[PDB]
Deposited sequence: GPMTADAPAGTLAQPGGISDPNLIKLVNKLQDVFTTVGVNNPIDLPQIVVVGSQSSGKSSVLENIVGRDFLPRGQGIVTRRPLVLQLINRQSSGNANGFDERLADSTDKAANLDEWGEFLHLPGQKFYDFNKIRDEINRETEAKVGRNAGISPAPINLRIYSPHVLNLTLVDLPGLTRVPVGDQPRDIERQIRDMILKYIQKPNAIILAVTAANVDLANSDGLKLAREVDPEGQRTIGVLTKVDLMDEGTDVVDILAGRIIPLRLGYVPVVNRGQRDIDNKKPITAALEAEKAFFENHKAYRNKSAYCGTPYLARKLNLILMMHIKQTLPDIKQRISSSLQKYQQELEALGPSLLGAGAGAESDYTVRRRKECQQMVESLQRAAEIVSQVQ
């Protein structure tokens, strides 16, 4: 559970408090948090980014096509590094609990291979995963295969159309935050992630550009012009990232060492020092945290109005008396908490 992001203890406490408040005054819950979806070209580093957001390794990563089926991860808050209060469970394996996240990765691989073989095949049938933990939100993440241009192995001629439709079904909804993942060692104008995001989200009200592989850029080049909004501007801006390379994947490098390595990388290069606070996985997590806090606080006006109307009605109305006065006190406490 990493502080200052989407698993922020403060944010989880806030959501739980507000949920209990609403469930103590007969008011339906309006908190409809968006799902976070990664979209981009093949091997652009989407699974790496998503697992970095989660904070524990559990997604299959590697060169070529690795993710070949949508993985719909369902974070589940559960009142109480193989922990016991935390685990994952698959829908196609009901009843089974996965406390070892390495076993979750292994099961994702096995389930994928069992349905799309081991020859680059693809399927839109999602792998549904629930992760229970007392330190997460009721949030939905989505990992997707990367878009390609030339088919390989069992792939049909229209593989691009299939992958594109598979992604569009997940990013077409207005309540979805699009992580458009682009490799930094590629010109930004070639980004499939930005292309698709702009296709669904032209106004950029829910698209975050994530520039991966910045440690693999040609010597003397940087992404500073993009961050400043000088090439292809994004309302929500860009975030550079340094995930684990292929050598690190083969060596099963832990996530913590990789995050420290990213921190050092951005603290040492002359082009990113002056803006190091705006670099790395932590800043992407902070952007997502701010967006979620925005979505929560945007529901405070109508809730205040509803509570005011209910209080006016109940006060005009006044075992029934005791319950009603308790409800009046509860409504006032609810208004107070909605204020803080």
query: Stretches with no C-alpha atoms in the model, relative to the deposited sequence starting at 1; finding: 1-12, 93-109, 348-367, 390-391
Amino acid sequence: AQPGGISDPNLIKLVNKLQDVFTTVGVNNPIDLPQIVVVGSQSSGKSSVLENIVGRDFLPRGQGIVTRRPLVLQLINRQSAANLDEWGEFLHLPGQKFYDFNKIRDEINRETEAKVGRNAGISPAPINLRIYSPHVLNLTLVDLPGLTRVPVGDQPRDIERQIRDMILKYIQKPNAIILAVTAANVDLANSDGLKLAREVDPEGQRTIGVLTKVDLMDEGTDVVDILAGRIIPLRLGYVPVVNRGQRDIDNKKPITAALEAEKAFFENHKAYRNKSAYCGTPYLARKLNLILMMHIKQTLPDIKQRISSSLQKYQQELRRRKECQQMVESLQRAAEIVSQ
From here on, numbers count along this sequence of modelled residues.
{"query": "Between 8-16 and 21-29 (mean CA B-factor, as deposited), the higher", "finding": "21-29"}
{"query": "Higher-B stretch (mean Cα B-factor, as the entry records it), 142-150 or 244-252", "finding": "244-252"}
{"query": "Maximum C-alpha temperature factor, selected from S44, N289, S309, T281", "finding": "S309"}
{"query": "Top Cα B factor in the deposited entry, candidates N83, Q74, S80, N77", "finding": "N83"}
{"query": "Ranked against its chain, the third holding the CA B-factor of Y132", "finding": "middle"}
{"query": "Relative C-alpha B-factor of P94, binned into the chain's lowest, middle or highest third", "finding": "highest"}
{"query": "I36 CA temperature factor, ranked by third within the chain", "finding": "lowest"}
{"query": "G62 by Cα B-factor - lowest, middle or highest third of the modelled chain", "finding": "middle"}
{"query": "Where the record places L236 (Cα B-factor, split into thirds across the chain)", "finding": "lowest"}
